[PDB]
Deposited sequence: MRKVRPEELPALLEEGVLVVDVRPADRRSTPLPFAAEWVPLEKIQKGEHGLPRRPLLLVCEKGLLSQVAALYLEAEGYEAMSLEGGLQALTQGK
């Protein structure tokens, strides 16, 4: 499921874990996010907690893919529609 900018305030307060999937990262990070590059998520070499995860990226290209990879492993992932630019 995608998350439109207007739905963020609700998720944030609920303490959603924000995960940055960008590579080794232009636009600032308005969230206390944990950085896990897609490259690494594609290799299963990460250690994200078994909890809802909001993946973000520059334009929404990488987060949506990674959002898929995590879905298979059993994760409850989601992404910010439009990336950090929709903001």
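- Stretches of the deposited sequence lacking C-alpha coordinates, numbered from 1: 1, 26-27, 91-94.
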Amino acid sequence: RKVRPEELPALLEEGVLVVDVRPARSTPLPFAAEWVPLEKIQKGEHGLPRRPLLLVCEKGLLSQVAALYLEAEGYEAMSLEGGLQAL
From here on, numbers count along this sequence of modelled residues.
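- Averaged over CA atoms, B-factors in the entry run higher in 6-14 than in the other of 6-14 and 59-67.
- Of the two segments examined, 25-33 and 45-53, it is 25-33 that shows the higher average Cα temperature factor in the deposited entry.
- Among the modelled residues of its chain, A77 has a C-alpha B-factor that falls in the middle third, as given in the PDB entry.
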